[PDB]
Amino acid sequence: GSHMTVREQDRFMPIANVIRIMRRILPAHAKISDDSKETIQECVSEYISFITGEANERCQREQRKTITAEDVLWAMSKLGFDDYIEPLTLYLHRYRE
């Protein structure tokens, strides 16, 4: 069967920012269906929750209260985002300079 929910806008990235990124990697005259725009926007929030949960779980095991940038990169690596680590680490390191 089915039931209703409310899709709260403050629980997703603004659609415009998401769409603008999508078009940077697509050919000029490529089209994106409305469902696709919503779906990508939902996947983004799931991606944050997935990585945050892995990082937060370790903090609880270590009796720490604050999720650090390092916990995020550790969790991304533990979950297999190997191609992501070096660009985010250099971006993090320059951010700190």
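Residue numbers here begin at 1 and follow the sequence given.
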Residue stretch of maximal mean CA temperature factor, 20-28 vs 80-88: 20-28
Which has the higher mean CA temperature factor in the PDB entry, 49-57 or 32-40? 32-40
Residue 15, C-alpha B-factor rank within chain (lowest, middle or highest third): highest
Here the Cα B-factor of residue 68, set against its chain, lands in the third termed lowest
